[PDB]
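protein26.cif (mmCIF, C-alpha atoms; chains and numbers go by the auth columns)
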```
data_start
loop_
_atom_site.group_PDB
_atom_site.id
_atom_site.type_symbol
_atom_site.label_atom_id
_atom_site.label_comp_id
_atom_site.label_asym_id
_atom_site.label_seq_id
_atom_site.Cartn_x
_atom_site.Cartn_y
_atom_site.Cartn_z
_atom_site.B_iso_or_equiv
_atom_site.auth_seq_id
_atom_site.auth_asym_id
ATOM 1 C CA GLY A 1 88.093 106.740 72.816 0.00 1 A
ATOM 2 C CA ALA A 2 86.085 106.389 69.593 0.00 2 A
ATOM 3 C CA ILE A 3 82.476 105.417 68.922 0.00 3 A
ATOM 4 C CA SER A 4 83.506 101.904 67.881 0.00 4 A
ATOM 5 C CA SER A 5 86.639 99.987 66.942 0.00 5 A
ATOM 6 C CA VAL A 6 85.169 99.019 63.538 0.00 6 A
ATOM 7 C CA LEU A 7 85.565 101.377 60.588 0.00 7 A
ATOM 8 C CA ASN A 8 82.458 99.995 58.871 0.00 8 A
ATOM 9 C CA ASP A 9 80.364 100.903 61.927 0.00 9 A
ATOM 10 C CA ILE A 10 81.540 104.524 61.470 0.00 10 A
ATOM 11 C CA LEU A 11 82.036 104.899 57.717 0.00 11 A
ATOM 12 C CA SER A 12 78.596 103.402 56.993 0.00 12 A
ATOM 13 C CA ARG A 13 76.922 105.169 59.963 0.00 13 A
ATOM 14 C CA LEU A 14 78.199 108.745 60.358 0.00 14 A
ATOM 15 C CA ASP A 15 78.553 111.484 57.770 0.00 15 A
ATOM 16 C CA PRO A 16 81.933 112.284 56.123 0.00 16 A
ATOM 17 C CA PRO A 17 82.902 115.343 58.213 0.00 17 A
ATOM 18 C CA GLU A 18 82.103 113.494 61.465 0.00 18 A
ATOM 19 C CA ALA A 19 83.489 110.033 60.666 0.00 19 A
ATOM 20 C CA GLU A 20 86.926 111.446 59.825 0.00 20 A
ATOM 21 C CA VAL A 21 87.414 112.549 63.442 0.00 21 A
ATOM 22 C CA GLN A 22 86.528 109.149 64.892 0.00 22 A
ATOM 23 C CA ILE A 23 88.783 107.504 62.305 0.00 23 A
ATOM 24 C CA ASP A 24 91.607 109.893 63.212 0.00 24 A
ATOM 25 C CA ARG A 25 91.722 108.443 66.735 0.00 25 A
ATOM 26 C CA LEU A 26 91.914 104.780 65.711 0.00 26 A
ATOM 27 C CA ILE A 27 94.686 105.603 63.241 0.00 27 A
ATOM 28 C CA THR A 28 96.609 107.481 65.928 0.00 28 A
ATOM 29 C CA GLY A 29 95.923 104.709 68.433 0.00 29 A
ATOM 30 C CA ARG A 30 96.680 101.697 66.252 0.00 30 A
ATOM 31 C CA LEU A 31 99.815 103.393 64.917 0.00 31 A
ATOM 32 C CA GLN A 32 101.112 103.737 68.481 0.00 32 A
ATOM 33 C CA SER A 33 100.647 100.004 69.043 0.00 33 A
ATOM 34 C CA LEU A 34 102.953 99.280 66.106 0.00 34 A
ATOM 35 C CA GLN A 35 105.759 101.561 67.288 0.00 35 A
ATOM 36 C CA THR A 36 105.462 99.870 70.680 0.00 36 A
ATOM 37 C CA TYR A 37 105.717 96.464 68.999 0.00 37 A
ATOM 38 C CA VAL A 38 108.538 97.415 66.631 0.00 38 A
ATOM 39 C CA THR A 39 110.562 99.025 69.415 0.00 39 A
ATOM 40 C CA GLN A 40 110.135 95.927 71.582 0.00 40 A
ATOM 41 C CA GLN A 41 111.274 93.499 68.883 0.00 41 A
ATOM 42 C CA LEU A 42 114.068 95.936 68.021 0.00 42 A
ATOM 43 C CA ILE A 43 115.386 95.598 71.580 0.00 43 A
ATOM 44 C CA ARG A 44 114.814 91.838 71.694 0.00 44 A
ATOM 45 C CA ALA A 45 116.837 91.599 68.477 0.00 45 A
ATOM 46 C CA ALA A 46 119.767 93.085 70.408 0.00 46 A
ATOM 47 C CA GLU A 47 119.660 90.529 73.225 0.00 47 A
ATOM 48 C CA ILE A 48 119.473 87.662 70.735 0.00 48 A
ATOM 49 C CA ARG A 49 122.313 89.257 68.755 0.00 49 A
ATOM 50 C CA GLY B 1 95.603 116.133 59.497 0.00 1 B
ATOM 51 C CA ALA B 2 96.006 119.917 59.738 0.00 2 B
ATOM 52 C CA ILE B 3 95.306 122.647 57.192 0.00 3 B
ATOM 53 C CA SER B 4 98.961 123.007 56.204 0.00 4 B
ATOM 54 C CA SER B 5 102.394 121.892 57.351 0.00 5 B
ATOM 55 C CA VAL B 6 103.763 125.453 57.601 0.00 6 B
ATOM 56 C CA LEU B 7 103.323 127.586 60.715 0.00 7 B
ATOM 57 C CA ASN B 8 102.885 130.898 58.884 0.00 8 B
ATOM 58 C CA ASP B 9 100.072 129.245 56.915 0.00 9 B
ATOM 59 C CA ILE B 10 98.145 128.995 60.216 0.00 10 B
ATOM 60 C CA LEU B 11 99.445 131.719 62.544 0.00 11 B
ATOM 61 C CA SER B 12 98.540 134.712 60.360 0.00 12 B
ATOM 62 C CA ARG B 13 95.668 132.894 58.595 0.00 13 B
ATOM 63 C CA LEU B 14 93.403 131.541 61.358 0.00 14 B
ATOM 64 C CA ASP B 15 92.475 133.032 64.713 0.00 15 B
ATOM 65 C CA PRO B 16 94.051 131.851 68.009 0.00 16 B
ATOM 66 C CA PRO B 17 90.904 129.924 69.071 0.00 17 B
ATOM 67 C CA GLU B 18 91.247 127.787 65.911 0.00 18 B
ATOM 68 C CA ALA B 19 94.982 128.079 65.212 0.00 19 B
ATOM 69 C CA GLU B 20 95.863 126.506 68.565 0.00 20 B
ATOM 70 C CA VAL B 21 93.948 123.367 67.580 0.00 21 B
ATOM 71 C CA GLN B 22 95.687 123.111 64.207 0.00 22 B
ATOM 72 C CA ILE B 23 99.053 124.044 65.727 0.00 23 B
ATOM 73 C CA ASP B 24 98.619 121.332 68.364 0.00 24 B
ATOM 74 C CA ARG B 25 98.402 118.651 65.669 0.00 25 B
ATOM 75 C CA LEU B 26 101.784 119.526 64.163 0.00 26 B
ATOM 76 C CA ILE B 27 103.421 119.703 67.594 0.00 27 B
ATOM 77 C CA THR B 28 101.879 116.325 68.415 0.00 28 B
ATOM 78 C CA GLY B 29 103.127 114.797 65.170 0.00 29 B
ATOM 79 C CA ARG B 30 106.564 116.379 64.859 0.00 30 B
ATOM 80 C CA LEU B 31 107.330 115.497 68.480 0.00 31 B
ATOM 81 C CA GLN B 32 106.598 111.798 67.983 0.00 32 B
ATOM 82 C CA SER B 33 108.888 111.880 64.944 0.00 33 B
ATOM 83 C CA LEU B 34 111.732 112.972 67.229 0.00 34 B
ATOM 84 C CA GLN B 35 111.147 110.178 69.745 0.00 35 B
ATOM 85 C CA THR B 36 111.299 107.723 66.844 0.00 36 B
ATOM 86 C CA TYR B 37 114.648 109.188 65.769 0.00 37 B
ATOM 87 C CA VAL B 38 116.256 109.495 69.204 0.00 38 B
ATOM 88 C CA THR B 39 115.064 105.996 70.098 0.00 39 B
ATOM 89 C CA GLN B 40 116.588 104.488 66.957 0.00 40 B
ATOM 90 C CA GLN B 41 119.909 106.308 67.313 0.00 41 B
ATOM 91 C CA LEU B 42 119.942 105.394 71.006 0.00 42 B
ATOM 92 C CA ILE B 43 119.620 101.713 70.063 0.00 43 B
ATOM 93 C CA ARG B 44 122.176 101.899 67.252 0.00 44 B
ATOM 94 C CA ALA B 45 124.709 103.313 69.713 0.00 45 B
ATOM 95 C CA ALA B 46 124.505 100.061 71.677 0.00 46 B
ATOM 96 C CA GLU B 47 125.457 97.972 68.643 0.00 47 B
ATOM 97 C CA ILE B 48 128.322 100.399 68.036 0.00 48 B
ATOM 98 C CA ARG B 49 129.274 100.225 71.715 0.00 49 B
ATOM 99 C CA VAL C 1 79.468 141.387 44.391 0.00 1 C
ATOM 100 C CA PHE C 2 78.975 143.027 47.791 0.00 2 C
ATOM 101 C CA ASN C 3 77.150 146.301 47.019 0.00 3 C
ATOM 102 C CA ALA C 4 75.315 144.795 44.037 0.00 4 C
ATOM 103 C CA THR C 5 71.769 145.901 43.266 0.00 5 C
ATOM 104 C CA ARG C 6 70.165 142.471 42.734 0.00 6 C
ATOM 105 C CA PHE C 7 71.248 138.896 43.452 0.00 7 C
ATOM 106 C CA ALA C 8 70.537 135.682 41.543 0.00 8 C
ATOM 107 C CA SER C 9 68.697 132.528 42.597 0.00 9 C
ATOM 108 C CA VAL C 10 70.133 129.575 44.489 0.00 10 C
ATOM 109 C CA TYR C 11 69.005 127.346 41.605 0.00 11 C
ATOM 110 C CA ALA C 12 71.283 129.324 39.266 0.00 12 C
ATOM 111 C CA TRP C 13 73.891 131.672 40.738 0.00 13 C
ATOM 112 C CA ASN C 14 76.426 133.953 39.082 0.00 14 C
ATOM 113 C CA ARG C 15 80.151 133.380 39.617 0.00 15 C
ATOM 114 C CA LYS C 16 82.229 136.572 39.649 0.00 16 C
ATOM 115 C CA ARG C 17 85.979 135.980 39.386 0.00 17 C
ATOM 116 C CA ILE C 18 88.448 138.551 40.746 0.00 18 C
ATOM 117 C CA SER C 19 92.111 138.851 39.773 0.00 19 C
ATOM 118 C CA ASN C 20 94.903 141.408 39.375 0.00 20 C
ATOM 119 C CA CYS C 21 93.527 144.271 41.455 0.00 21 C
ATOM 120 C CA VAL C 22 93.464 145.836 44.925 0.00 22 C
ATOM 121 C CA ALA C 23 90.911 144.368 47.364 0.00 23 C
ATOM 122 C CA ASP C 24 90.342 146.385 50.549 0.00 24 C
ATOM 123 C CA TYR C 25 88.430 144.114 52.940 0.00 25 C
ATOM 124 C CA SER C 26 88.603 146.614 55.825 0.00 26 C
ATOM 125 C CA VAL C 27 85.248 148.184 54.932 0.00 27 C
ATOM 126 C CA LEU C 28 83.532 144.792 54.679 0.00 28 C
ATOM 127 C CA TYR C 29 84.571 143.781 58.202 0.00 29 C
ATOM 128 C CA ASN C 30 84.084 147.200 59.814 0.00 30 C
ATOM 129 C CA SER C 31 80.828 148.212 58.104 0.00 31 C
ATOM 130 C CA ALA C 32 77.809 146.534 59.723 0.00 32 C
ATOM 131 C CA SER C 33 75.925 146.284 56.427 0.00 33 C
ATOM 132 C CA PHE C 34 75.407 142.508 56.835 0.00 34 C
ATOM 133 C CA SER C 35 73.725 140.378 59.482 0.00 35 C
ATOM 134 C CA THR C 36 76.506 137.753 59.525 0.00 36 C
ATOM 135 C CA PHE C 37 80.122 138.073 58.354 0.00 37 C
ATOM 136 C CA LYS C 38 82.147 134.990 59.339 0.00 38 C
ATOM 137 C CA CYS C 39 84.993 132.980 57.815 0.00 39 C
ATOM 138 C CA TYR C 40 86.098 129.342 57.999 0.00 40 C
ATOM 139 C CA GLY C 41 89.546 128.875 56.437 0.00 41 C
ATOM 140 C CA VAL C 42 90.959 132.338 57.182 0.00 42 C
ATOM 141 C CA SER C 43 90.644 135.131 59.710 0.00 43 C
ATOM 142 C CA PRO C 44 88.351 138.020 58.669 0.00 44 C
ATOM 143 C CA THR C 45 90.966 140.571 59.792 0.00 45 C
ATOM 144 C CA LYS C 46 93.849 138.899 57.896 0.00 46 C
ATOM 145 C CA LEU C 47 92.317 138.749 54.404 0.00 47 C
ATOM 146 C CA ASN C 48 94.612 141.594 53.313 0.00 48 C
ATOM 147 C CA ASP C 49 97.871 140.008 54.488 0.00 49 C
ATOM 148 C CA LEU C 50 97.732 136.321 53.469 0.00 50 C
ATOM 149 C CA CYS C 51 96.225 137.024 50.074 0.00 51 C
ATOM 150 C CA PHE C 52 95.450 134.937 47.052 0.00 52 C
ATOM 151 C CA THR C 53 95.852 134.477 43.306 0.00 53 C
ATOM 152 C CA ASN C 54 92.269 133.641 42.281 0.00 54 C
ATOM 153 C CA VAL C 55 89.096 134.666 44.113 0.00 55 C
ATOM 154 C CA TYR C 56 85.575 133.474 43.276 0.00 56 C
ATOM 155 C CA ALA C 57 82.285 134.905 44.523 0.00 57 C
ATOM 156 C CA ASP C 58 78.851 133.279 44.279 0.00 58 C
ATOM 157 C CA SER C 59 75.849 135.564 44.833 0.00 59 C
ATOM 158 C CA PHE C 60 72.419 134.102 45.571 0.00 60 C
ATOM 159 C CA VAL C 61 69.412 134.513 47.867 0.00 61 C
ATOM 160 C CA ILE C 62 67.889 131.900 50.187 0.00 62 C
ATOM 161 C CA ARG C 63 65.496 131.652 53.124 0.00 63 C
ATOM 162 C CA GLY C 64 66.443 132.304 56.739 0.00 64 C
ATOM 163 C CA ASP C 65 66.315 128.629 57.690 0.00 65 C
ATOM 164 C CA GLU C 66 68.601 127.869 54.716 0.00 66 C
ATOM 165 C CA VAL C 67 71.416 130.190 55.862 0.00 67 C
ATOM 166 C CA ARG C 68 72.672 127.482 58.225 0.00 68 C
ATOM 167 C CA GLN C 69 72.964 125.096 55.258 0.00 69 C
ATOM 168 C CA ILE C 70 75.606 127.426 53.741 0.00 70 C
ATOM 169 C CA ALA C 71 78.544 125.966 55.651 0.00 71 C
ATOM 170 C CA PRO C 72 81.026 123.104 55.177 0.00 72 C
ATOM 171 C CA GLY C 73 79.686 119.634 55.885 0.00 73 C
ATOM 172 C CA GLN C 74 76.013 120.586 56.163 0.00 74 C
ATOM 173 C CA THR C 75 73.129 118.608 54.674 0.00 75 C
ATOM 174 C CA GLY C 76 69.721 119.798 53.548 0.00 76 C
ATOM 175 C CA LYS C 77 67.596 120.891 50.604 0.00 77 C
ATOM 176 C CA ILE C 78 70.159 123.594 49.741 0.00 78 C
ATOM 177 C CA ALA C 79 73.337 121.919 51.000 0.00 79 C
ATOM 178 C CA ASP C 80 72.807 118.658 49.082 0.00 80 C
ATOM 179 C CA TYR C 81 70.839 119.660 45.955 0.00 81 C
ATOM 180 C CA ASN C 82 71.290 123.386 45.195 0.00 82 C
ATOM 181 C CA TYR C 83 74.596 124.629 46.644 0.00 83 C
ATOM 182 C CA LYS C 84 77.133 122.300 48.276 0.00 84 C
ATOM 183 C CA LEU C 85 80.578 123.071 49.711 0.00 85 C
ATOM 184 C CA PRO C 86 83.470 120.670 50.422 0.00 86 C
ATOM 185 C CA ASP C 87 84.699 119.559 53.820 0.00 87 C
ATOM 186 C CA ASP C 88 87.948 121.419 53.022 0.00 88 C
ATOM 187 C CA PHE C 89 86.098 124.642 52.146 0.00 89 C
ATOM 188 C CA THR C 90 88.504 127.596 52.291 0.00 90 C
ATOM 189 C CA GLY C 91 86.291 130.657 52.039 0.00 91 C
ATOM 190 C CA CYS C 92 83.910 132.975 53.848 0.00 92 C
ATOM 191 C CA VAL C 93 80.124 133.184 54.145 0.00 93 C
ATOM 192 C CA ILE C 94 78.044 136.365 54.416 0.00 94 C
ATOM 193 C CA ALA C 95 74.334 136.817 55.140 0.00 95 C
ATOM 194 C CA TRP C 96 72.046 139.848 55.222 0.00 96 C
ATOM 195 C CA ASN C 97 68.277 140.117 55.582 0.00 97 C
#
```
Would you mind writing the structure in this file as structure tokens?
Amino acid sequence: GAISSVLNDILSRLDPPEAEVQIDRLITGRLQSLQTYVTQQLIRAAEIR
Amino acid sequence: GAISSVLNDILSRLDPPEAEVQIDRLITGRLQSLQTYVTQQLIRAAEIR
Amino acid sequence: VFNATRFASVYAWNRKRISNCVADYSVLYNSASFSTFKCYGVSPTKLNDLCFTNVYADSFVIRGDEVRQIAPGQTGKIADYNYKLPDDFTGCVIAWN
């Protein structure tokens, strides 16, 4: 939901008070992908165990 | 990403039109921190089981 | 600060510190002696309750078009060169013609 997936296209394009909002979405989005990955491998580690 | 982690820092400080936005960030963050805890304990119970 | 006789310039403004005293902000919010009385990091009605240790006040005069530059995150001849505020600005702004 951001302007662009690249931080450089936002940090070098928009002003500080505006770029921080676009960056806040990618951080919240990418961080959810990790918890989805970690939780998956944490279940797969139980089947293999 | 809010002004402060405490509720009283926001409830009596900012107005409802702006406090609800800041309050929503804590509720969004603290709630995910519960799902990470309940999920982990709910997996650890299987190894104990 | 508020009922002062004369203000300073935006090029060089005076900084009046306040500490260890009673500050009644009820008159400032009720009295319509200013054209604009808004706040950013605090409610204007709750300045008496959630109160502070140190308080700083900067008095200066600027043009009408420059009043919008006095706000967090703005850019302009006054916002960038004369008087800048941070993105985390916790204060209030007042304007009167």
>> Could you work out which residues of chain B fall inside 9 Å of chain A? Count all atoms listed in the file, and format the result as a VMD selection string.
In response: chain B and resid 1 36 39 to 40 43 46 to 47
Could you work out an axis-aligned box for stretch 16-35 of chain A, taking every atom the file lists and adding 3 Å on each side, and report centre and edge lengths in Å to one decimal, as lines of an AutoDock Vina configuration file?
```
center_x = 93.8
center_y = 107.3
center_z = 62.6
size_x = 29.8
size_y = 22.1
size_z = 18.9
```
Taking a cut-off of 7 Å and counting only C-alpha atoms, can you build a table that, for each residue of chain B near chain C, reports the nearest atom pair and how far apart they are in Å (one decimal), sorted by chain then residue number, as JSON lines?
```
{"residue": "B:12", "atom": "CA", "partner": "C:46", "partner_atom": "CA", "distance": 6.8}
{"residue": "B:13", "atom": "CA", "partner": "C:42", "partner_atom": "CA", "distance": 4.9}
{"residue": "B:14", "atom": "CA", "partner": "C:43", "partner_atom": "CA", "distance": 4.8}
{"residue": "B:15", "atom": "CA", "partner": "C:43", "partner_atom": "CA", "distance": 5.7}
```
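If you count all atoms listed in the file and ignore residues fewer than 5 places along the chain from residue A:22, what sits within 9 Å of it is residues 1, 2, 3, 4, 7 and 10 of chain A.
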> How many Å lie between atom CA of residue C:8 and atom CA of residue C:75, rounded to one decimal?
Replying inline: 21.7 Å
> Mind pulling up the distance from atom CA of residue C:17 to atom CA of residue C:84?
Replying inline: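 So the two atoms, atom CA of residue C:84 and atom CA of residue C:17, lie 18.6 Å apart.
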> Leaving out residue C:9 and any residue of its chain fewer than 4 positions from it, which residues lie within 6 Å of it when counting only C-alpha atoms, given as a PyMOL selection string?
Replying inline: chain C and resi 13+60-61
For the residues selected in the previous step, produce a file with C-alpha atoms as a compact mmCIF listing (two decimals), keeping the file's coordinate frame.
```txt
# COMPACT_ATOMS: atom_id res chain seq x y z
CA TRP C 13 73.89 131.67 40.74
CA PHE C 60 72.42 134.10 45.57
CA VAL C 61 69.41 134.51 47.87
```
>> For the PyMOL selection byres ((chain C and resi 38) around 7), applied here, can you spell out every residue it catches as a count of residues only?
In response: 7
